[PDB]
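**Student:** Protein sequence lines, in the order shown, are assigned to chains F, Y, A, Z, P and L. Residue numbers for the first sequence, in the deposited numbering: 2 to 249, 255 to 313. Residue numbers for the second sequence, in the deposited numbering: 2 to 249, 255 to 313. Residue numbers for the third sequence, in the deposited numbering: 2 to 249, 255 to 313. Residue numbers for the fourth sequence, in the deposited numbering: 2 to 249, 255 to 313. Residue numbers for the fifth sequence, in the deposited numbering: 2 to 249, 255 to 313. Residue numbers for the sixth sequence, in the deposited numbering: 2 to 249, 255 to 313.
Number of protein chains: 6
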Amino acid sequence: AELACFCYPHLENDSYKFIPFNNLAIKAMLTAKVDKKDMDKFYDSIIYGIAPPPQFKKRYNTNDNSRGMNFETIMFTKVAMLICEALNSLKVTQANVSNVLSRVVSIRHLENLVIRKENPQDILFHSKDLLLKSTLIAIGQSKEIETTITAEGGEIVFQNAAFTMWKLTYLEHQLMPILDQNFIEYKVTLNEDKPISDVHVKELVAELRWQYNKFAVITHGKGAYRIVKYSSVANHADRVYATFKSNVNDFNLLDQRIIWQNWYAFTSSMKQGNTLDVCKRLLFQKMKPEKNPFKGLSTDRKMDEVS
Amino acid sequence: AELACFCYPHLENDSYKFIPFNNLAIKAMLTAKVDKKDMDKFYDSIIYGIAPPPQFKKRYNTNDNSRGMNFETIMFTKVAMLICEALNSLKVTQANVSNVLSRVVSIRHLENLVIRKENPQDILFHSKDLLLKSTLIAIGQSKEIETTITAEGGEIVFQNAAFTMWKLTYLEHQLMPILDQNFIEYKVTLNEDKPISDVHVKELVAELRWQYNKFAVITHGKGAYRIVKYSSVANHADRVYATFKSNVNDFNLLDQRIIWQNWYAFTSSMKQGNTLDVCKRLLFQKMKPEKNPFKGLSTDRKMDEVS
Amino acid sequence: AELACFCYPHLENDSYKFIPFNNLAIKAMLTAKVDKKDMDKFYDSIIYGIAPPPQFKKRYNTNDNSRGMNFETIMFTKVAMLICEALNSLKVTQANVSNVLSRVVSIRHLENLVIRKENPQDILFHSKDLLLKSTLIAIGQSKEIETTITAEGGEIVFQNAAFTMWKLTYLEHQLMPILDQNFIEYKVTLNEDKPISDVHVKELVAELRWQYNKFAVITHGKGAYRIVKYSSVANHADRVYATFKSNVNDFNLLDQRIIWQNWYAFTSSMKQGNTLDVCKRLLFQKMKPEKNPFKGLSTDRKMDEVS
Amino acid sequence: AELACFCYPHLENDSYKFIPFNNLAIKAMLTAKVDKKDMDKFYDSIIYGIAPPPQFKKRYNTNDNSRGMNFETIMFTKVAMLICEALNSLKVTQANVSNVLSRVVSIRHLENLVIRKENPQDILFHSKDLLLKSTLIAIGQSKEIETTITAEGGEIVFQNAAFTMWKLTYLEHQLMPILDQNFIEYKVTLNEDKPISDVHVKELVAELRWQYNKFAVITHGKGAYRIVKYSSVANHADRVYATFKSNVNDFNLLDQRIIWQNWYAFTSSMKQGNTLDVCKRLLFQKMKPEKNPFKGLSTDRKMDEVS
Amino acid sequence: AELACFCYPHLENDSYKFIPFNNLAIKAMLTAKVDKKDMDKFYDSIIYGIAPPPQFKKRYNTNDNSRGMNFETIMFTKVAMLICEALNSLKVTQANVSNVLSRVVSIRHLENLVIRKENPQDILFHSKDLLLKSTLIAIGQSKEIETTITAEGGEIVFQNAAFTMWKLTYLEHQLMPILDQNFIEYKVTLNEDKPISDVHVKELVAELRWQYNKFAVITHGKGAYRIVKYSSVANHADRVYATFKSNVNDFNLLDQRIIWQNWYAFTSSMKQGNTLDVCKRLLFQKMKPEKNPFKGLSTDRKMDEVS
Amino acid sequence: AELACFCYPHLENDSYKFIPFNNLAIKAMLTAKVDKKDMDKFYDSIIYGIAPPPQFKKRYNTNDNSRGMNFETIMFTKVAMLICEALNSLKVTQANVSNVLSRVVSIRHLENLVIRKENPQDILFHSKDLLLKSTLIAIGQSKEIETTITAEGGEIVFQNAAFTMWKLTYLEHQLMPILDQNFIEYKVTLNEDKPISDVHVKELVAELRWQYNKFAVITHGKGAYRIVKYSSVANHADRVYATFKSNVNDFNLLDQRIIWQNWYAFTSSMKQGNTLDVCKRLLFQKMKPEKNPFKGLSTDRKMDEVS
Ligand SMILES: Nc1ncnc2c1ncn2[C@@H]1O[C@@H](COP(=O)(O)OP(=O)(O)OP(O)(O)=S)[C@H](O)[C@H]1O
Ligand SMILES: Nc1ncnc2c1ncn2[C@@H]1O[C@@H](COP(=O)(O)OP(=O)(O)OP(O)(O)=S)[C@H](O)[C@H]1O
Ligand SMILES: Nc1ncnc2c1ncn2[C@@H]1O[C@@H](COP(=O)(O)OP(=O)(O)OP(O)(O)=S)[C@H](O)[C@H]1O
Ligand SMILES: Nc1ncnc2c1ncn2[C@@H]1O[C@@H](COP(=O)(O)OP(=O)(O)OP(O)(O)=S)[C@H](O)[C@H]1O
Ligand SMILES: Nc1ncnc2c1ncn2[C@@H]1O[C@@H](COP(=O)(O)OP(=O)(O)OP(O)(O)=S)[C@H](O)[C@H]1O
Ligand SMILES: Nc1ncnc2c1ncn2[C@@H]1O[C@@H](COP(=O)(O)OP(=O)(O)OP(O)(O)=S)[C@H](O)[C@H]1O
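Below, the structure written as structure tokens:
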């Protein structure tokens, strides 16, 4: 959803400070009869403050919408406040307020940051600087690449001198969980954005083949690996393409010894400018088996097990 | 009930400050043997403070009274305090204390104000001035007309540039709910007491015919519409008449394009001084169908639905 | 689903007797690796009997399918037995077994018949002849028209000398309920398929305008009225058209004073052979208001209420 | 309610056999649109059998009626069957069917008989003859006087060689309990309708003064004492009068040493033909204290206690 | 129990300050092997502080004692603190510490004072002076007479210009409730220890005969009436005698028009110095009925009821 | 455990009929003081019948034994009866009774047969002949090889024209479940003990690599595959060896293209007569990768997924 679904602008000494919406003001808005000429204008509930532009009605779950977010939960407020604390430290101007708020961000990524922020064991609970950087990345107001320190978090299922593998807890989310109960997905972040040895790539690749053999190692190109069911690569190919198509934009293919062969092809075809069908095609054909970089990984792990 | 059911007067530097009753002192009073010459005098429980005049015994629910209020709930205290905070800001004199306290007010209206007052999302939670004005109106110590800002509240089911429609939550009240579980009623307040366009009246009327076709649009004449079941107009006619009969008094017929035809007649007959039977009669006859002000409203909404 | 999802054929003295599937045999089948040349052949579980042809896998809900039926419930068995008791009384031949079983029937309609069949207050609980006729109609092996006696049932919300209005209890179904919790739909059956007076049509039409004003009176053309939300007429138009398109077929427009104006147009355009767009178009335009057959109905009911 | 609220007549070999109503047929009826010329005619639900004449709608509790009976409980069926088993043994004729069914009987009295009938410890559970006589008395098709054997039952709180005192369990009834939770009432039946000694009257009177001092000993004149709160004598006086007024009739004043002084006066004034006001008046005046028949009773019981 | 069951002495600047026992130190003590020469000496648990003299083992409930108190409840601590706050304000000396602590007090009376003390509606919650006086009376370190203000409290069932009647809530006590579930007892305190009119005595006596006819009005002679079951007067006679026998002492017969005839006799015989048998005898004989002071009380109340 | 833990012999007309033990007789036995010369003799409880020889005390779980069985569950009885129904159909003689009962059988295998036997969907519920054969195999009184029809059962996770793969439900067993909650194990039975094509072996092998990559395909040599965690092969190697060592014996290596390479080696070394260390050694070394029989299986399944 747009950042304009969580807060509204407010002039306060030349600078713009962002304020969170009360869920009841949103509720009033969803029952309000607005003019087509005001759908893009914030709404005054009179009783519970300002509400989002009524043109975003589809972002909030109601009795006939389960495709939006659960704005009546406390997580909506926590997430809104997180976005506000971030935007407030930018001192946006009377000309970006619009561009900034119309930005679409990942809700699951923000709620995941709230979970990190509130855990006193998480480093984010203690560093407003790290928390800030983590959030700016998520709301698209940063140039940095998400790494382990600034990751959205989740449950750690594998740690290496080079990477940290997380199990995404979207099914358990309060704000906008995933409805498909068969959902399983993992994210691998780079601990440090520096040179990674072969022994550390081999340690990870081995873990991925043995522990997650039914998963395809892909990437959305922003610096982290995404471990998803093969029966889901298609949908990912579509979303990443649609995104690339938005030229109006950098992509990181990541380590080719880790990314699934077909995904690397599909993505390189895309980075070369090709069409969708041309790309998608590559993703389906049983390409020529590349020279396995780390052979034996499977057998070794298997033998260790046997002891 | 009388305001004297929630508090008692107390001289404190020439001015009169009102104090709330402890529920246990009320309980003692209900078991007390008082003299007919003291029924109008406050009662001393000796143990829990001062209690209301024993002549009001019928206002409190007991084992043989369900026609009163649940004074042992916390809502009784919250409501009492609300009344006290209001009266204390008037600095009543040694001659009105009686007149003021003998005033009958709507308990459901006060408990509704407590619910608004305690919600941090409601503007009343932040404006003691607005809260004050809202309460003074309710306890009859104000000249202002209840509008959206100062309304008793409830659940907002429709908002317009001109009105706000609330669903009265009386069934859920702790202090003195409605016992009839088949009860449904809505209130429409004017957002601003100023000139209202036709397009905004049409937006409301359309909503009332489509969404509440089994409801009659009436008014008790204090500036707001009351949406009630047709099978309840009779009782309303009686209560509003009885009230008018109390000449010892202004009435607002409100917009004639909104108020149910028969109700407007019944009320105008009343504002002209007529009798009850003369009025009630008008309310039952299938009067001549007036020239529909906004024709087509029904069909339009219906067609929108179909898309 | 196809009737072949509930039972399988079995030669037994020249005649074909149908046997119900065990849910565990279906489960085995859903885990079975079948050859593309056997997808249309019944499956042997070896342990729990015969299962349906694996080409119907999509009819049964699993961890990745919620678009099918809950075959593990007792209702699956009850429904299967109902279908079997019906087919067994036909003595199908070695040439129809296929045609008969490949017939698609409404599961909600069958489960509704089980609910009637098991209630000792329902006449079906006592007439295997009426139960039979009711089921044959539902499984498409009958020429008769569903009337009140043979209806699928539900909760009776209005009864007339001529019609009976039922509230469809699909949300509560065990076998294949409706997932959309905002679903509300009613069915009106003719008590007797004979001449219906005007006073009895007027009694019904009045009830439909007052009690169900937000509902469009339509029909799927098999002899009964379907009362659905206007925001659902579109989907109905599609399903009825798709069905009509299946020329490889009779349609009953029903009483034109009852069916919604636009639906009658949409359907007559269809009975004339027209295209989809040509028809659908009629359904959206605010046609010229036909001469109201029973005027005043609204006001009368309203006045009765007021007493 | 009328006996016609539980069953309907049916010719079966010159005699009339009564059949119980299905609760669902009653429900259909309550939603049926009947003609004013058929309100007194049984109703055909088409689906659940015959229902009572729609003119009795007020006898059944619905969403807007709590003044009737809970016909959907099993007790409705049990009670209906009890009434049927009784009427069926009378072989009513083609001319009384109406008179018999229009008879108003006490529902609480019948449900009380069902409770006795189903307890294997109660003699009624074993004597269909005694059960029959008990029911005929209750439905007004008998000349006998209710005594201990044929009483409606309840909880036995005192037994004497001459009487049995029962605590009426109406608050616990399923079919038509009493809604006023402050209700307490007892009934005293004569074990044998023969000469009762003074020592046995004294034993009872003593128990009534010591154990039930806040209760007035009255009677509805059908042979049993009714022990009710003094704050309820008024309502009883009205109901017994209204009943007496129905000349279109015998009354038993019962033992004058037991019946409350004022009640005996009120009732004798009634048996003499007087008006209501003339009677009611007697009930309120502090009449001249009659010569206490059994003096000392109080002190004795008190002294026994002290040991 | 002795006050020495709740606290122990401690020299602190010439004065003696009392400290509460930890329940765990009591528990240790109950498992301790003490010498017969130390049974009267406080016990050191080493781990949880000082405990009471092991000679009081019988005051605490254990697995084989239900005749003591539940020292592990919070009420034990609250009660101990109440006793401490009282004794600490006396500044007892190095010669009374023993006499003071060996004093037996009523636990139910103290726990009742804790309940008053903690209720913010009770005046004791606000007056440490009144709380103090109330406690000193209870622990026998005061000359004052318990009146309504300083009563042990309970549920108020009747209030008069002169008296307040309380229902003792011993069954609900945490520290040392009454085990006999059939227990019911009331206490009547004098609001003011001054001249009481006849009309106010008559108001009370009337309430006692009508509302509590099975109760004997007695007194333990310390200024308040005790309303107990006649089947309990005997036990009371014994306890009051045993107490009187403790000459090593003033008694208040109270109003003779209120106290049960026999109790007044039994007590006057005692105040004259007589033996137990001589007294007890008076309590059983059906003495000559004294000239009823307020005749008619019964009939009046009865007549009021009837209206 | 020994079959002598479930029943005892009894001469009845030259033949020996087996009777089940009452759990209470076992309990008595576990508290009985027996002589070392009777430990092998059945025990008479006197009160609950005959119990097992006290030398088997270790087979029953008590307060200090969790290594046995839960003989107090109904499953103990059901299992005992199953064993009895089997032995009774053999008509054992006065010379085998001992040999037969001292036979150790798998309890989990028997309880699994009870679960099949009681399910009306399972073929065993209908064939006492098949049930019999299945049980005789399990208790070691049969020459037949367990196949799908006669398998111990469980949850079917894969079915082929040639095999059926079951998930062992030992964790859920009542009689003697597995305590290690991390336990997962599957069994693959041959549907028919006949020639199996390559396409059907390939279908299975593909399923085993994709769906169970962390599992080693082994066998205990009685005709079925056992799918266990690699971290469990060691324990299996020990149990199968210990068993082989019991020469006082046939082994089926099964299809070498399916059994894990190392397991085939370990087992062939055993079938050749070798020692334990010699065998175990083979199981650990990373043997030379044999020529993959069905290459590509992995990639194909993976590609199918992607569609
Ligand atoms: N309802 C939705 N649920 C999930 N994704 C959506 C939804 N709607 C749009 N998207 C897609 O979200 C993006 C892909 O999913 P995300 O996980 O949100 O991307 P991402 O968070 O940037 O990826 P990472 O974290 O860098 S590996 C595509 O740009 C969008 O097409
Ligand atoms: N127990 C009662 N319950 C509800 N109304 C009562 C009751 N007793 C008296 N009334 C009536 O209360 C008034 C009408 O109901 P209310 O809703 O309280 O009026 P109101 O609150 O002033 O109306 P609004 O808010 O201006 S539309 C009549 O003056 C009284 O007759
Ligand atoms: N999953 C589905 N749920 C509901 N309807 C479906 C579904 N799939 C197909 N249909 C449609 O079912 C038919 C319309 O719905 P139904 O209620 O089943 O028809 P119907 O039961 O014959 O109508 P009646 O009872 O005569 S008014 C259309 O022929 C189909 O397109
Ligand atoms: N809803 C009602 N509840 C109780 N009584 C009613 C009700 N409606 C009418 N009655 C009265 O019922 C009768 C008195 O109550 P009942 O207890 O039913 O009489 P009764 O059962 O004949 O008295 P007994 O058993 O001989 S002492 C009066 O004739 C009626 O006025
Ligand atoms: N376990 C016990 N339970 C109750 N009373 C006891 C117990 N043991 C001794 N007593 C008696 O307690 C006294 C009478 O009971 P209490 O109610 O405690 O007296 P009291 O509290 O002084 O009376 P009041 O309050 O002035 S009317 C007698 O002096 C004792 O015999
Ligand atoms: N407590 C125990 N739990 C499991 N197995 C045991 C236990 N005690 C002994 N065993 C072993 O049981 C055998 C192997 O386990 P099982 O599964 O019972 O064999 P099995 O049932 O014959 O194998 P299948 O069914 O033919 S593949 C070995 O012969 C024994 O060493």
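Just so you know, even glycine gets a beta-carbon here, dropped at the ideal spot from N, CA and C.
Compare the C-beta of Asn183(Y) against all C-beta atoms of chain Z and say whether one is closer than 9 Å.
**Tutor:** If you number the second sequence from 1, residue 183(Y) lands on position 182. Yes, because at least one Cβ of chain Z sits closer than 9 Å to the Cβ of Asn183(Y).
**Student:** Assign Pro53(L) to one of two classes, buried (16 or more other C-beta atoms within 10 Å of its C-beta) or exposed (fewer than that).
**Tutor:** Within the sixth sequence, residue 53(L) is the residue found at index 52, counting from 1. The residue in question, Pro53(L), is buried, as its Cβ has 16 or more Cβ neighbours within 10 Å.
**Student:** Please report the straight-line C-alpha distance between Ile124(L) and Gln267(L), rounded to a whole angstrom.
**Tutor:** Taking the sixth sequence and counting its residues from 1, the one referred to as residue 124(L) is at position 123. Taking the sixth sequence and counting its residues from 1, the one referred to as residue 267(L) is at position 261. Looking at the two C-alpha atoms, the distance is approximately 36 Å.
**Student:** Just to confirm the assignment, what range does the beta strand (DSSP E) spanning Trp167(A) have?
**Tutor:** By one-based count along the third sequence, residue 167(A) stands at place 166. Segment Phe164 to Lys168, the beta strand (DSSP E) holding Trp167(A).
**Student:** Using a cut-off of 9 Å between C-beta atoms, extract the partners of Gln122(L) located in chain A.
**Tutor:** Here the question's residue 122(L) lines up with position 121 in the sixth sequence. By Cβ distance, chain A contributes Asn23, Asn24, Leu25, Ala26, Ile48, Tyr49 and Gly50.
**Student:** Any C-beta of chain F sitting closer than 9 Å to the C-beta of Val241(L)?
**Tutor:** As a working mapping, residue 241(L) is identified with position 240 in the sixth sequence. By this cut-off, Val241(L) is not an interface position.
**Student:** Among residues of its own chain, excluding the 5 on either side of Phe77(P), which ones have a beta-carbon nearer than 8 Å to its beta-carbon?
**Tutor:** If you number the fifth sequence from 1, residue 77(P) lands on position 76. Once the five neighbours on either side are set aside, the close Cβ partners of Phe77(P) are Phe7, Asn24, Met70, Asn71 and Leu176.
**Student:** Between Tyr61(F), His221(F), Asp65(F) and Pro295(F), which lies nearest to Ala5(F) when the distance is taken from Cα to Cα?
**Tutor:** Within the first sequence, residue 5(F) is the residue found at index 4, counting from 1. Ranking the options by Cα distance to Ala5(F), first place goes to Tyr61(F).
**Student:** Per DSSP, which one or two residues make a beta bridge with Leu12(F)?
**Tutor:** Working through the first sequence from its first residue, we reach residue 12(F) at position 11. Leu12(F) is bridged to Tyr17(F).
**Student:** Per DSSP, what kind of secondary structure is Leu191(Y) in: helix, strand or coil?
**Tutor:** Translated into positions along the second sequence, residue 191(Y) becomes position 190. In the structure shown, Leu191(Y) sits in a strand (DSSP, three-state: E or B).
**Student:** At 7 Å on the CB atoms, spell out the chain Y contacts of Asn236(Z), in chain order.
**Tutor:** The residue you call residue 236(Z) lines up with position 235 of the fourth sequence. Chain Y residues near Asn236(Z): none, gap ~14 Å exceeds 7 Å.
**Student:** With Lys79(Z) as the anchor, note down where its alpha helix (DSSP H) starts and where it stops.
**Tutor:** Residue 79(Z) sits at position 78 when you count from the first residue of the fourth sequence. Where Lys79(Z) is concerned, the enclosing alpha helix (DSSP H) stretches over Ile75 to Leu88.
**Student:** Under the three-state reduction of DSSP, which class applies to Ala52(Z): helix, strand or coil?
**Tutor:** As a position in the fourth sequence, residue 52(Z) is number 51, starting the count at 1. In this structure, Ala52(Z) counts as strand in the three-state DSSP scheme.
**Student:** Let me confirm a value: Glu156(Z) is counted as buried when at least 16 other C-beta atoms fall within 10 Å, else exposed. Which label applies?
**Tutor:** The residue given as residue 156(Z) occupies position 155 in the fourth sequence. That one is exposed.
**Student:** To the nearest angstrom, how far is the alpha carbon of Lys308(P) from that of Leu114(P)?
**Tutor:** As a position in the fifth sequence, residue 308(P) is number 302, starting the count at 1. As a position in the fifth sequence, residue 114(P) is number 113, starting the count at 1. Those two C-alpha atoms are separated by around 37 Å.
**Student:** Any heavy atom of ligand 2 closer than 8 Å to the beta-carbon of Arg227(Y)?
**Tutor:** By 1-based counting over the second sequence, the position of residue 227(Y) is 226. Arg227(Y) Cβ: within cutoff of ligand 2.
**Student:** Check each candidate in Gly279(Z), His221(Z) and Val249(Z) and name the one with the smallest Cα separation from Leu260(Z).
**Tutor:** To locate residue 260(Z), count along the fourth sequence from 1; it is residue 254. Of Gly279(Z), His221(Z) and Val249(Z), the residue nearest in Cα terms is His221(Z).
**Student:** When we look at the beta-carbon of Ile265(Z) and count the other beta-carbons within 10 Å, is it buried (16 or more) or exposed?
**Tutor:** Working through the fourth sequence from its first residue, we reach residue 265(Z) at position 259. Classification for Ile265(Z): buried.
**Student:** Does any residue of chain F bring its CB to less than 9 Å from the CB of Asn71(A)?
**Tutor:** Numbered from its first residue, the third sequence carries residue 71(A) at position 70. With 9 Å as the cut-off, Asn71(A) does not count as an interface residue toward chain F.
**Student:** With contact counted as at least three CB pairs below 8 Å, one residue from each stretch, are the stretch 208–222 of chain P and the stretch 209–216 of chain Z in contact?
**Tutor:** Flag = yes, the stretch 208–222 of chain P and the stretch 209–216 of chain Z touch.
**Student:** Got a sec: does ligand 3 put a non-hydrogen atom nearer than 8 Å to the Cβ of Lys188(A)?
**Tutor:** Position 187 of the third sequence, counting from 1, holds the residue named residue 188(A). Within the cutoff, so yes.
**Student:** When you compare the CB of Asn14(A) with every CB in chain F, is at least one pair closer than 9 Å?
**Tutor:** Looking up residue 14(A) in the third sequence gives position 13. Chain F contact via Cβ: absent.
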